[PDB]
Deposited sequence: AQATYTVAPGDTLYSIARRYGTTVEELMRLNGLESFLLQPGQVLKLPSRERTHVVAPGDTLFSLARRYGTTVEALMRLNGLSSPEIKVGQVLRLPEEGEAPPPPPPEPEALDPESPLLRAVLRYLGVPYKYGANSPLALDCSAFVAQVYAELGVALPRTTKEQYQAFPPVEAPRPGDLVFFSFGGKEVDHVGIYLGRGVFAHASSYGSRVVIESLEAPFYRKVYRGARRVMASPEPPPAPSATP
């Protein structure tokens, strides 16, 4: 019937918790803005499990964020297939985890995890031929990698059609 907004709550989190939508929640409360102060009482029209997710202050994310939007070129005129696995190694280096240079080695050296969790490496076949691209899974179906566009570091969705197609599996490198 009624919900009282707790600190950190959002219209998204509340709508999702009670199996409705932000729209319905705004309509039924006559809200015209997404602004939400603690103690605010919202009318409402079995809590679902929470996806594992990195913290904005996590060592893994902070490392990724340092390079976010920055092109990561391994050598003078190095190909993307080298840049992507060199970026992955560089991030993990900031965490004390040594990693092999090449995407291939990274793929073969580590044990396969069927459903990846925050920290695992996800691999793809861009050219179709072989596993030739790698990124760092961040949780919630997104991963960080050096992209085709100038090897700039970006965060994209694993559940995009292109990536679902070029997908090649995940590997574990930490605990």
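No C-alpha positions are given in the record for the deposited-sequence stretches 1 to 2, 48 to 102, 233 to 244.
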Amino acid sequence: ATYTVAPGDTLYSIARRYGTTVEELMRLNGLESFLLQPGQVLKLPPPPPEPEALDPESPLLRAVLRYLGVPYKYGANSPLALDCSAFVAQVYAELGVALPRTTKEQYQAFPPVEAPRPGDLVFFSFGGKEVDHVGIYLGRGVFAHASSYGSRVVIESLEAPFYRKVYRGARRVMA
From here on, numbers count along this sequence of modelled residues.
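The deposited model assigns a higher average Cα B-factor to 32 to 40 than to the other stretch when 32 to 40 and 129 to 137 are compared. Looking at the C-alpha B-factors along this chain, the one for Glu23 belongs to the highest third. Among the modelled residues of its chain, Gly150 has a C-alpha B-factor that falls in the middle third, as given in the PDB entry. Among all modelled residues in its chain, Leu61 ranks in the middle third by Cα B-factor. In this PDB entry, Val113 carries a Cα temperature factor that places it within the highest third of its chain's modelled residues. Ranked against the other modelled residues of its chain, the C-alpha B-factor of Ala86 as given in the entry falls in the lowest third.
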